[PDB]
């Protein structure tokens, strides 16, 4: 443990977080990776089990694993369960790549409780108009909604974010994001 250090999984929250998640995996494929989630949906014939998803045969068993606290974030969509498991985050991180995560803010303590202490970054907009600045592809109704949801997220989870990132542009946001990971890399 003194010589080799596991790569800390990464949870970026807030406006443009998916654009940051896309960009980081693109810019450094050997440093950042994605983890395979489980679903109870049946696979299409071009989806590859164990690589695109882990396809769960017994849907009854997935909720047994969910109640055994085997997932950090679970969910349903179109009648099918979805979820990132703890073992799927450990597999990326043990390759020493930072695992890029689409989890809610609630998954931070469960990763911590599982000792996979993530870098939790909150992108914080400074106004409605500021959301319009760092995301020039949303309508005001989407911006106002983006701004309120951000406000509630900081109120409830401000204490679990390793860094809060601000800027007048995604370029500025994305720079500071990359540097937080540098200063918390290890």
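Positions refer to the first chain, counted from 1. Think of the rigid core as the biggest set of C-alphas that the two forms share within 1.5 Å after superposition.
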Using the rigid core for superposition, please say which stretch has the greater CA deviation in 6 other deposited structures of this protein, 107-115 or 88-96. 107-115
Using the rigid core for superposition, please say which stretch has the greater CA deviation in 6 other deposited structures of this protein, 31-39 or 52-60. 52-60
State which stretch shows the higher mean Cα B factor in the entry: 39-47 or 120-128. 39-47
5-13 set against 165-173, stretch whose average Cα temperature factor tops the other in the entry: 5-13
Reading the B-factor column for Cα atoms of 100, 114, 92, 103, the highest value belongs to 114
Just the C-alpha B-factor column, please: which of 63, 27, 52, 159 has the biggest number? 63
Using the temperature factors of the C-alpha atoms in this entry, rank residue 68 within its chain: lowest, middle or highest third. highest
Quick check for you: using the entry's CA B-factors within this chain, is residue 143 in the lowest, middle or highest third? middle
Among the chain's modelled residues, which third holds the C-alpha B-factor of residue 84? lowest
